[PDB]
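A short write-up of the structure that comes next.
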Amino acid sequence: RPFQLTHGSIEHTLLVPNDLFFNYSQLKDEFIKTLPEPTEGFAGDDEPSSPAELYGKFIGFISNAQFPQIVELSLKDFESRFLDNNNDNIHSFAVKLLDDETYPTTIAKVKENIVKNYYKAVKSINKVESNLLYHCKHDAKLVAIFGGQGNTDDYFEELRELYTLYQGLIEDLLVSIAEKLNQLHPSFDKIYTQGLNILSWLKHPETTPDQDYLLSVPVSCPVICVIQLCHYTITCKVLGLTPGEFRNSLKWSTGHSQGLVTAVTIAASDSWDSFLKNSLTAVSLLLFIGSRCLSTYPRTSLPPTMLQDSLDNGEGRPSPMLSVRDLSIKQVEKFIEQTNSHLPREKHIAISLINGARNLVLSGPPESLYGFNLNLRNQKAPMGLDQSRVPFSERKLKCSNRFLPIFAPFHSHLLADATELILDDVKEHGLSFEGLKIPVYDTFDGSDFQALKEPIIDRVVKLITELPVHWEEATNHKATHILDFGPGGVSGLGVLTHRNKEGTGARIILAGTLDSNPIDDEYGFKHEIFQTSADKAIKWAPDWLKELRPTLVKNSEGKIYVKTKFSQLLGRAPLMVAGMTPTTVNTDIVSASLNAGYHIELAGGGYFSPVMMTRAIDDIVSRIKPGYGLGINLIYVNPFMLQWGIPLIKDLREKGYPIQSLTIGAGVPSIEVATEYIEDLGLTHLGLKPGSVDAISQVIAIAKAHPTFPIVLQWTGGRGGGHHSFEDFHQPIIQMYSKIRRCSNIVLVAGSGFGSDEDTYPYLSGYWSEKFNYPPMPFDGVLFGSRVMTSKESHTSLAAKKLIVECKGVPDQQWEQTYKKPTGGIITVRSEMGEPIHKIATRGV
Amino acid sequence: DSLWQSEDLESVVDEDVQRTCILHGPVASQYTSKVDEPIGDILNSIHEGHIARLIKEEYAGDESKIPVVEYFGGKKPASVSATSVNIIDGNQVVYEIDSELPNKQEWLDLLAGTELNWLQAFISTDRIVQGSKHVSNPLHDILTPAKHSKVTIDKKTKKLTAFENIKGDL
Ligand SMILES: Cc1cc2nc3c(=O)[nH]c(=O)nc-3n(C[C@H](O)[C@H](O)[C@H](O)COP(=O)(O)O)c2cc1C
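Protein chains in written order, with my numbering: chain A, 3 to 847; chain B, 210 to 379.
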């Protein structure tokens, strides 16, 4: 007889067995009286808002009642009704519940009372799943990374909610860990009297002291280790895999400043008792490190004046760490020695840790670091200064420097004296690690812990305190999937190590939080690790070395072409010719080149009436091979050109001429103007070249509104054009490339100073970001404007062609000093409108 | 209007280049060393340069490994990606239609198939050249799904045949 649970406006119907409807009903009488009254759309945090959530609260309420033979039958009914062929993949079902429109989109009503009750009522999960994801060794590789100290401010509620939902998978673990913690507590009194009892704090939230005490290194070190241990144990337990054999699925593992202890402990574990023993030894070491790093360098009272002035300048609360962003290492090291020239060696500021080319953290006493950032604020420029109007070569350095949530000056000379005491504690207890199995890459040297003459713990204590962090040298990965079990979630190490590996084939899967999915899907979440599908269980990252790498093709007549994401639309070389008002108005430069098989667009500035355009287009079409098409380069600054050209293109397309592309010149139009361009007048792609970061945002907005029509971006970096919008050729796109590629219909080509294969190949392949320490960043095509002027087809005077030939070039990094002298015979001059113009340096110019 | 004088030097005063202004790029100028050469040959130089490097970086100097396609282009810059489930062909294929399985785009792709062949190009293309005159593809209009019709592409896409039940007869 069917059983129907009702609450508010939602009901769930399930087919229960007959001779249980009596005792299955008694639970129902006890279930309705424990839930809140409905209020304006099921908005209560404890209130169900979906049939699955309502039945999950039913299956979790029946667990506290001592009445078996129904709990497992209800679990099986839930799995059959809601988890089709993924009965052990509830993480995917929970996050798919978000996509439903009936359920109000929020993570609070999904994660708990569905996943909490499921694993509270589940039986033993010792069931090996479809673990074929790593069975293909040459195609998939797993690397576990471990976060460090200060990835987030309030890390404690991470472990709070992990115990709140995963009590059944960590209950025997955290009690055992805290027992050793409290056994080792009394030897280090008088420095933190407020206790170190995690169990009492979690069970009774009122027993937990303030976060000023909690965030301290001596307290947070054992707690962060417990966090990553619980995350790894949950990872091994949800799939029902022994940690010793789940470690077999991993190629190698390493950790952050603090996470290296977990990274090396992760391979000393074989069985559940062995892993528990190794975790017990690890959590003891972190107590010693926290205690002696606080007693060796106790942080004293800081005057309210300096912290107030630091907060008023947009920084954080002053800390032993100063994070400076957006500057190279050679600049940071240059500035820190200048800063320390006024400081002794006891307050010296030296490179502590390197999160990337443009994100470093320096170490020292808080007054020394505030003296450093006082200087940096003197050297820097505001965010709202609008750097676009002054040339890039002579703008001011931009940075955002602030202090991290850590209470110990790690990775500097300051703790170098503590290490000798620290290792003494290692000798004072049974702190020892057995044979390593998976390679662990050194944080400083990058080598393996297996080939060590010295032990492990006594060297990692030297590494955390004294040796600097060359973070990318440690994570020189050869793998596809990277799993972070540590703190922070979105605010931690995972995202900033994803930014360093965006296109190197590394797929970042966040095991800390489960609130998928992000709008861009840069990184995965907890569900991806536990997916049991054969080939659908693995989400692959953008591998821009192979994915957007060019390929080739052969023709039936025996000739060879290039296969790219611009050539394929063109059906020809991925090498276009930009529209130039002097140059590309000749019928012969467009017609006699299309016959060869290359793409050129005609610039409308050389024509002034629609009849002239029509007479030119007709002449080009009459002589090109029948079937090819041509583009039109329009200009946005003059409304007259627009108003006599847009009507022309519409009715010429209605007639059916080979008019194929519309490159809008300087000035990206609005969404409404570009709207009819895309829809009404019927082109294949729209050339919509911007000249600034705001313009690139505007064109991305134009691309979102029309997620069907190709849009060739044609971003010129103002290095070789006529009306060169003076900007760097790299920075405006180095920060927004992976904001452009979130588009099914975006095309990205680059110009501004391309003349040959050698200088264009790096941009197509993507290796142009090597000099800027970024992943491969491929371009769809490259446009050529200044290198085709000396062509035979161009009607530019032969004498000017010669003058250009004996006119030499300019190395890239010097192009912007063309405002003073004839740099390679080319200077910038003001136009009548104020736009800068590149012109061959001549007597007239 | 100081842009045309470089183009037409014979008009200006005494055909003096130094009096006129030529717009050119400081970064691309060193690449411009040859004068009065075909633009086709320039873009060639670049194209076969990319050929050579892209071969000698992963193809190990072998052009056989290259994935030759029949016609290069058509359905989007990316490799042709329709609804992959409905991207199918076969030797003996008949496509019965009802109200359950019509939809314009997916029907067109289903008729197109998998291989980049003459039929796939003919159906999928959004434009037909009429003596150097790009117009709309008529297959899109004439191959619209209709109730109780039937499309047969038997013998590995040698020919497509669309039937409809005229006067109650297919
Ligand atoms: C002589 C000349 C005229 C140009 N005219 C235009 C133009 O009218 N509209 C436009 O958007 N870009 C114009 N450009 C810039 C090109 O479209 C292209 O963006 C630029 O040349 C960058 O490529 P390059 O470094 O090889 O020259 C012109 C460039 C040159 C050299």
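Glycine included, each C-beta is placed from N, C-alpha and C at the ideal position.
*Mind checking whether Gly581(A) and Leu604(A) have CB atoms under 8 Å apart?*
yes
_Taking 8 Å as the threshold (beta carbon to beta carbon), is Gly811(A) in contact with chain B?_
yes
_Please determine whether the Cβ atom of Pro584(A) lies at a distance below 7 Å from any heavy atom of ligand 1._
yes
*Proximity test, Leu232(B) beta-carbon vs ligand 1 heavy atom, cut-off 7 Å*: yes
*asked:* Suppose the cutoff is 8 Å on Cβ atoms and the five residues either side in sequence are ignored; what does the same chain contact list for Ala618(A) look like?
replied: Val587, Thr589, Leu604 and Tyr609
*Within 7 Å: the Cβ of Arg347(A) and any heavy atom of ligand 1?*
no
*For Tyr659(A), which residues in chain B fall below 9 Å Cβ to Cβ?*
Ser341, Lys342 and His343
*Determine, using beta carbons only, whether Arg845(A) comes closer than 8 Å to chain B.*
yes
_For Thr210(A), the nearest candidate out of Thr15(A), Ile193(A), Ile236(A) and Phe158(A) (CA to CA)_ = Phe158(A)
*Scan the region 778 to 803 of chain A for residues whose Cβ lies nearer than 8 Å to a Cβ of chain B and list them as they occur along the chain.*
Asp782, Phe786, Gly787, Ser788, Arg789, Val790, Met791, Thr792, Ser793, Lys794, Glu795, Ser796, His797, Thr798, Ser799, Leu800, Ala801, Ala802 and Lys803
*Secondary structure of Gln737(A), DSSP reduced to three states*: coil
*Kindly indicate which residue of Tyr105(A), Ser754(A), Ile713(A) and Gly724(A) has the alpha-carbon position closest to the one of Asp730(A).*
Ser754(A)
*asked:* Any beta carbon from chain A within less than 8 Å of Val360(B)'s own beta carbon?
replied: no
*Using three-state DSSP, classify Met615(A) as helix, strand or coil.*
helix
*Answer yes if the region 685 to 702 of chain A comes into contact with the region 732 to 741 of chain A, meaning at least three C-beta pairs across the two stretches below 8 Å, and no otherwise.*
yes
*Buried/exposed call for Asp156(A), threshold 16 Cβ in 10 Å*: exposed
*Identify the contact partners of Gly258(B) in chain A, using a Cβ-Cβ distance below 9 Å as the criterion.*
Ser758, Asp759, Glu760, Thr762 and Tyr763
_Give me the residue from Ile353(A), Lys382(A), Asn519(A) and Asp141(A) with the minimum Cα distance to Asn315(A)._
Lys382(A)
*Rounded to whole angstroms, how far is the Cβ of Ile251(B) from the Cβ of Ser793(A), which I believe are closer than 8 Å?*
6 Å
*Taking Cβ-Cβ distances shorter than 9 Å, what residues in chain B pair up with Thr589(A)?*
Simply none; closest approach about 13 Å.
*asked:* According to DSSP, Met323(A) sits in a beta bridge with which residue or residues?
replied: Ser365(A)
*asked:* What does the alpha-carbon distance come out to for the pair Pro489(A) and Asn128(A)?
replied: 27 Å
_Residue burial classification, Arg789(A) (beta-carbon count within 10 angstroms, cutoff 16)_ = buried
*Could you give the C-beta distance for residue 2(A) and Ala110(A), rounded to a whole number, given that I count them as a contact under 8 Å?*
Because chain A spans 3 through 847 in this model, residue 2(A) falls outside it and cannot be assessed.
_Measuring only from the beta carbon, is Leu785(A) closer than 7 Å to any heavy atom that is part of ligand 1?_
yes
_chain A residues whose Cβ lies nearer than 9 Å to that of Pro276(B)_ = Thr553, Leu554, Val555 and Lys565
*Determine the burial state of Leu252(A): buried for a count of at least 16 other Cβ atoms within 10 Å of its Cβ, exposed for fewer.*
buried
*Does ligand 1 have even one heavy atom less than 7 Å from the beta-carbon of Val847(A)?*
no
*Give a yes or no on whether the C-beta atoms belonging to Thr267(A) and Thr445(A) are separated by under 8 Å.*
no
*Going along the region 291 to 315 of chain B in order, which residues come within less than 8 Å of chain A, judged by CB to CB distance?*
none
*Closer than 7 Å, Cβ to any Cβ of chain A: which residues of the region 219 to 239 of chain B, in chain order?*
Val226, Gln227, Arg228, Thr229, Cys230, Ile231, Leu232, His233, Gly234, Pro235, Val236, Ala237, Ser238 and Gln239
*Which two residues bound the contiguous beta strand (DSSP E) that contains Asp486(A)?*
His483 to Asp486
*So does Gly607(A) have its beta carbon nearer than 7 Å to some heavy atom of ligand 1?*
yes
*In chain B, what lies closer than 7 Å to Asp814(A) by C-beta?*
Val236
*asked:* Going by DSSP in three states, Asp378(B) sits in which element: helix, strand or coil?
replied: strand
_Shorter than 7 Å, the distance from the beta carbon of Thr718(A) to the closest heavy atom of ligand 1, or not?_
yes
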